[PDB]
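1. this one's structure only:
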Ligand SMILES: CCC(=O)Nc1ccc(C)cc1O
Ligand SMILES: CCC(=O)Nc1ccc(C)cc1O
């Protein structure tokens, strides 16, 4: 992988692996999300990091608030996918990381993603606005003119997501993370939540449809010793679902999301 | 990746990814097992496949009976690991696939693995001996002289594993596979079983020790809708005896052993 000529974005190629594919011999949405994370980590490393010098001094971290992914074509096993990623400040609200996925052979856009990140104190878990000193430290690595993966006016990445009301149409109960679901800091990987959301989609939908869009809001973190319930209700040739992840015990919300599926 | 000069083995390099590492910033044993599986699949593809023409005609498949992995150094995040793999017939019993793992920069061996595979009818699930016709079409892709990743006479890869007796010292119950745990044929990936075995090792062992050796026997397959209990007892470096069994009737799915070195 490498930073592009202007040093304001990063590109990387990936060959899709045998264990990374689903029933259609194409990459799962969790494989795609892991590749978005890997290209994001390589970009931060290439520019000197995603904690800045000031962030480490104040025990501050970047946490995901929202993830939005749209896939037009899933790469097949053995195919090369090229991913370009960049960041932008969104004032004092936080930062945004965007991605464009392309078929390396044709150069055609096969997917796009956008994510909203907020600043949080590592210890107290209290969110806070971005300070000017932090904003200046990462503006030298971001394009100054706006560059959006989802530029459209009424695009799906910025829509408000409602809370699923009981009873759910579908559910998958008692979901627990294992050690493979943890990152290097022993926190549950953000991609695991995408998997848990999808666990409550009925197998007949998975067998006859392909996932086109997934929007996920992150409200609270699941601990290593927490248990999760995944809930889904159809809200609709295309099928749409409303999703909710909540702790199995008290029903505390972990995530809420929406998925859009098109018939194969 | 590519077949070596003689066409009798296959090599591939991998850069260790950020999500592939554990708390020590080094590749997990499940990342290693996934890389062994990927280099195995690429080898089969490069030689024309791991079912042959005769196996497809009779609905025959290769199934894992035993996996044995020994790691001396786990590659760090960003490091390049080179893996060489080859196969060998073991008469009518089945086939063996071996691997050597190296640090790409130093050329030093950082790990090794061996696996025993048996022939099974995909429909009835009945094990069968390897026929002459199948041995013949496999032998042209295997070294004729023996080439062993674990050559030592009476090594850890060929030791008999006993059945854990109740009560277990440690346990992790109610383990269920999700869709990410399935392969392209909707069967539970063999690497998931390694993860489930390790789930019953206490966190204090994981925090103060590194996994050096894991030997795993595969007895039965876990279905998409099955629930598993993972059981561990210390038999001692720290050594453990392991058992995976269905949560309900207690039907055995796997048995294994692990050896851990103090960090
Ligand atoms: C260190 C750079 C960074 O933000 N990494 C990152 C982690 C998770 C996801 C989903 C996307 C990512 O880009
Ligand atoms: C298709 C070639 C093949 O044998 N692949 C394979 C699958 C699983 C494991 C654990 C190792 C492997 O090498």
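-> Happy to help now that I have it. Numbers count the residues shown, from 1 in each chain, chains lettered A, B, ... in the order given. Ligands and ions are numbered 1, 2, ... in the order given.

2. can you name the residues bridging to the residue most central in space within chain A?
-> Nearest to the geometric centre of chain A sits residue A:67, at 3.8 Å (Cα atoms, centre = their mean). Note on residue A:67: beta-bridge partners by DSSP bridges are residue A:115, residue A:216.

3. please enumerate the helices of the stretch 1-150 of chain A.
-> Remark: helices assigned in the stretch 1-150 of chain A by DSSP state H, counting those that start in this stretch are A:29-46, A:53-57, A:132-139.

4. circling back: I'd say the residue nearest to the centre of chain A and residue A:113 touch.
-> Yes - Residue A:67 is within contact range of residue A:113, at 7.3 Å (criterion: Cβ atoms under 8 Å). Where you see a C-beta, it was placed from the backbone N, CA and C, and this is true even at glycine.

5. picking that back up, quick one: which of the helices of the stretch 1-150 of chain A is nearest ligand 1?
-> Set against ligand 1 and scored by Cβ to the nearest ligand atom, the helices of the stretch 1-150 of chain A come closest in helix A:29-46, at 2.0 Å.

6. that closest one versus strand B:10-15: what angle between them?
-> On the basis of axes from the mean of the first three to the mean of the last three Cα atoms, to 10 degrees, helix A:29-46 is oriented at 60 degrees to strand B:10-15.

7. what does helix A:29-46 rub up against?
-> A:1-3, A:9-10, A:12, A:14, A:16, A:20-21, A:27, A:50, A:67, A:69, A:71, A:74, A:81, A:83, A:85-87, A:97, A:99, A:101, A:111, A:113, A:189-191, A:194-195, A:198, A:211, A:214, B:17-19, B:78, B:180 (Cβ atoms under 8 Å, 6 or more residues apart in numbering or on different chains).

8. so how far is it from its chain's centroid?
-> Distance of helix A:29-46 from the chain centroid (Cα atoms, centre = their mean, to the nearest Å) equals 10 Å.

9. what's the local residue count around residue A:88?
-> Using other Cβ atoms under 10 Å in any protein chain shown, residue A:88 has 18 neighbouring residues.

10. any idea how far it is from ligand 1?
-> Distance of residue A:88 to ligand 1, given as Cβ to the nearest ligand atom, to the nearest Å: 13 Å.

11. how about that residue, what does it touch?
-> Residues in contact with residue A:88 (Cβ under 8 Å, 6+ apart) are A:95, A:96, A:98, A:142, A:143, A:146, A:147.

12. who's in contact with the last one?
-> Contacts for residue A:147 (Cβ under 8 Å, 6+ apart) come out as A:86, A:88, A:98.

13. can we see that at 7 Å?
-> Residues near residue A:147 by Cβ atoms under 7 Å, 6 or more residues apart in numbering or on different chains: A:86, A:88.

14. ok, residue A:255 touching residue A:214?
-> No - using Cβ atoms under 7 Å, residue A:255 makes no contact with residue A:214, being 11.2 Å away.

15. near chain B, which residues of chain A show up?
-> A:17-19, A:21-23, A:25, A:28, A:30, A:34, A:37-38, A:41, A:174, A:178-180, A:183-184, A:186, A:189, A:195, A:198-199 (Cβ under 7 Å from any Cβ of the partner chain).

16. any of those buried? List them.
-> Neighbour-count burial (16 or more other Cβ atoms under 10 Å in any protein chain shown) is assigned, among the residues of chain A next to chain B, to A:17-19, A:21-22, A:28, A:30, A:34, A:37-38, A:41, A:178-180, A:183-184, A:189, A:195, A:198-199.

17. where does the nearest residue to residue A:262 once chain neighbours are set aside fall, secondary structure wise?
-> Nearest non-adjacent residue to residue A:262, counting by Cβ to Cβ, 6 or more residues apart in numbering or on different chains: residue A:212, 5.0 Å away. For residue A:212, the element it lies in under DSSP states H and E is strand A:209-218.

18. does any part of that strand sit near ligand 1?
-> No - if you take Cβ under 6 Å from any ligand atom as the test, strand A:209-218 misses ligand 1, and the best it gets is 10.0 Å.

19. what is that strand packed up against?
-> Packing contacts for strand A:209-218, counted by 3 or more Cβ pairs under 7 Å, 6 or more residues apart in numbering or on different chains; DSSP states H and E, involve strand A:60-71, helix A:190-199, strand A:253-263.

20. state the next helix or strand along the chain beyond that strand.
-> From strand A:209-218, the next helix or strand downstream (DSSP H and E) is strand A:228-234.

21. ok, that following strand: who's next to it in the sheet?
-> The strands beside strand A:228-234 in its sheet (DSSP bridges) come out as strand A:170-175 (antiparallel), strand A:238-247 (antiparallel).

22. please identify the most buried of those strands.
-> Most buried of the strands paired with strand A:228-234, by mean neighbour count (mean count of other Cβ atoms under 10 Å in any protein chain shown): strand A:238-247, with a mean of 20.

23. how far away is residue A:163 from chain B?
-> 24 Å (Cβ to the nearest Cβ, to the nearest Å).

24. isn't that residue up against residue A:256?
-> Yes - look at residue A:163 against residue A:256 with Cβ under 7 Å: they come within range, at 6.2 Å.

25. isn't residue A:189 right up against residue A:178?
-> No - using Cβ under 7 Å, residue A:189 makes no contact with residue A:178, being 11.1 Å away.

26. in the stretch 101-250 of chain A, which residue sits closest to ligand 1?
-> Taking Cβ to the nearest ligand atom, the stretch 101-250 of chain A has residue A:190 as its residue nearest ligand 1, at 4.8 Å.

27. give me the number of residues near that residue?
-> Neighbour number of residue A:190 under other Cβ under 10 Å is 21.

28. so it sits against residue A:63, correct?
-> No - here residue A:190 does not reach residue A:63: they are 9.4 Å apart, not a contact under Cβ under 7 Å.

29. pull the contacting residues for residue A:201.
-> Contacts of residue A:201 (Cβ under 7 Å, 6+ apart): A:232, A:241.

30. rerun that using 6 Å as the cut-off
-> residue A:232 (Cβ atoms under 6 Å, 6 or more residues apart in numbering or on different chains).

31. before we move on, back to that, with neighbour numbers in mind, choose between residue A:163 and residue A:256.
-> When residue A:163 and residue A:256 are compared for neighbours, residue A:256 comes out ahead with 21 against 9, by other Cβ under 10 Å.

32. just grab the bridge partners of the more buried one for me.
-> Where residue A:256 sits in a bridge, its partners, by DSSP bridges, are residue A:217, residue A:244.

33. follow-up on the earlier one: if I look at the residue nearest to residue A:262, how far off is ligand 2?
-> Taking Cβ to the nearest ligand atom, one finds residue A:212 at 31 Å from ligand 2.

34. surely that residue is in contact with residue A:263?
-> No - using Cβ atoms under 6 Å, residue A:212 is not in contact with residue A:263; the gap is 10.4 Å.

35. quick revisit: residue contacts, the residue lying closest to the residue of the stretch 101-250 of chain A closest to ligand 1 once chain neighbours are set aside?
-> Leaving aside its sequence neighbours, residue A:190 sits nearest to residue A:64 (Cβ to Cβ, 6+ apart; 5.6 Å). Contact analysis of residue A:64 by Cβ under 6 Å, 6+ apart lists A:115, A:117, A:190, A:218.
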